[PDB]
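Notes to accompany the following structure.
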Amino acid sequence: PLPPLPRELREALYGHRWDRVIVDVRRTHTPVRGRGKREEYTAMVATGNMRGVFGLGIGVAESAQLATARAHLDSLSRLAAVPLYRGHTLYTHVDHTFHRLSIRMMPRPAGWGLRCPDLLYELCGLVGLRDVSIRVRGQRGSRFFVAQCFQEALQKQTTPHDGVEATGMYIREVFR
Amino acid sequence: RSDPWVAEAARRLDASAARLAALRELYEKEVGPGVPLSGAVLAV
Amino acid sequence: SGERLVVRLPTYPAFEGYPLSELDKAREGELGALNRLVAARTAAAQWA
Amino acid sequence: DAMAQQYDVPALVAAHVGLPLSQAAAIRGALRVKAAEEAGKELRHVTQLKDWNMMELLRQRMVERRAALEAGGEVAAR
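Protein chains in written order, with this note's numbering: chain W, 948 to 1123; chain B, 380 to 423; chain E, 3 to 50; chain X, 17 to 94.
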């Protein structure tokens, strides 16, 4: 089989910096009419550029290298952009729930460090979150749902630069 | 014919009108000629 | 050459507001101005 | 919460709306401007928040600002 790569993505791999993280690789099972038990390796690859554009890719195949390569290229096909404060923290408090998992995410002032669970440490270093305290609640037994949940939870927040043109009201003085 | 409800309800209407004239003149002596916007505005 | 450069104890994104003609009035936003002024104050104190 | 903090009184908070950050920025900025106009007045004599439509005032600021800039002049040299 052959995985796809476009033309205009080939200004980006020559463009931004990039890092790659496999989320988890999982072996599923199916007993099938005719020959027996067919398995697929499902692989989940995250890819960011450490400046606030994040990507996820889920891939399914028969063997582990081909599965991780498919999810590797699927993530690099699928990128979404996430606003940060100066590349280290998120704008608001963030709460979200994918499948039924209660993530709770807070901003922290820069130089707090990442106080953060296992895979989400590489995830926040991937997209570029240097200073965030998180906790995940509910059944945390799946890596895939915390990855997808984290992508949507990043996409939830609100940006202040879409106001100053049209609110008549200037937005500055960040002194605590 | 004046059924008794008509007479009593007339008396209650004029009693309410005399009341409203009385507390309106209480507001007139307390405030003066003014819109009932607020008394907190007229406290100056 | 020599100078002190200190990044401010770097904070949350803020509750953040000012009236509109102050954009034309004020020149630099307060994070840069606080960086320069806090650099000067901490430089003098730590020199003493 | 904004005039609760800038007049420094405890306030019986009721609920918390979710909002764009630019909006909540605009509320607290305009209430700081209101405290600049209502400076030193006695606290019950403050024009209360029902009495003051914020959006119409900011619309007036927008209208007179675009009027002053359109009839700017140095704008031609710029």
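In this text, a Cβ means the ideal position worked out from N, Cα and C, and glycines have one as well.
- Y961 of chain W and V968 of chain W have their C-alpha atoms roughly 19 Å apart.
- Here the alpha carbons of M1052 of chain W and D1065 of chain W stand approximately 15 Å from one another.
- Relative to the Cα of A1027 of chain W, the nearest Cα in the group W:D966, W:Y1068, W:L1101 and W:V970 belongs to W:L1101.
- Around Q1098 of chain W, the same chain offers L1003 as residues with beta carbons nearer than 6 Å, after the five sequence neighbours per side are excluded.
- Secondary structure of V1083 of chain W (DSSP, three-state): strand.
- Taking the beta carbon of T13 of chain E as reference, the chain W residues within 7 Å of it are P1056, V1121 and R1123, listed in sequence order.
- Listed in chain order, the beta strand (DSSP E) elements of length 3 or more contained wholly in the region 986-1015 of chain W are 1000-1008.
- For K27 of chain E, the three-state secondary structure derived from DSSP is helix.
- Each residue's CA atom was taken as its position, placing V1121 of chain W and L949 of chain W some 51 Å apart.
- Chain E has no Cβ within less than 9 Å of the Cβ of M1052 of chain W.
- With fewer than 16 other Cβ atoms inside 10 Å of its own Cβ, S395 of chain B counts as exposed.
- Closest in alpha carbon position to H976 of chain W, among W:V1111, W:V1041 and W:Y988, is W:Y988.
- The beta carbon of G56 of chain X does not come within 9 Å of any beta carbon belonging to chain W, so the residue lies off that interface.
- Between the region 1015-1029 of chain W and the region 1077-1095 of chain W there are fewer than three C-beta pairs closer than 8 Å, too few to call the two in contact.
- In the structure shown, the three-state DSSP call for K984 of chain W is strand.
- Contact with chain X is found for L22 of chain E, since one of that chain's Cβ atoms lies less than 9 Å from the residue's Cβ.
- Minimum Cα-Cα distance from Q1012 of chain W among the listed residues W:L1073, W:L1037 and W:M991 corresponds to W:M991.
- Counting C-beta pairs with one atom in each stretch, the region 42-54 of chain X and the region 19-31 of chain X have three or more that are closer than 8 Å, which means they touch.
- Leaving aside the five residues that flank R985 of chain W on each side, the residues in its chain whose CB is nearer than 7 Å to its CB run, in chain order, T977 and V979.
- For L28 of chain X, no Cβ of chain E is located within less than 9 Å of the residue's own Cβ.
- Using a Cβ distance threshold of 9 Å, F17 of chain E and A41 of chain X count as a contacting pair.
- Close partners of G31 of chain E in chain W (Cβ separation under 7 Å): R1119.
- For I969 of chain W, the enclosing beta strand (DSSP E) starts and ends at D966 to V979.
- In this model, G1034 of chain W and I1050 of chain W are separated by some 21 Å (Cα to Cα).
- Look at the region 1042-1075 of chain W and you find these whole runs of alpha helix (DSSP H), each 4 residues long or longer: 1065-1074.
- Residue state for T1036 of chain W is assigned as strand, using DSSP reduced to three classes.
- For the set W:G1115, W:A1113, W:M1116 and W:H1108, the Cα lying nearest the Cα of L1031 of chain W is the one of W:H1108.
- By the neighbour-count criterion, in which a residue is buried when 16 or more other Cβ atoms sit within 10 angstroms of its Cβ, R1055 of chain W is buried.
- In this structure, the beta-carbon distance from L22 of chain E to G1115 of chain W falls below 9 Å.
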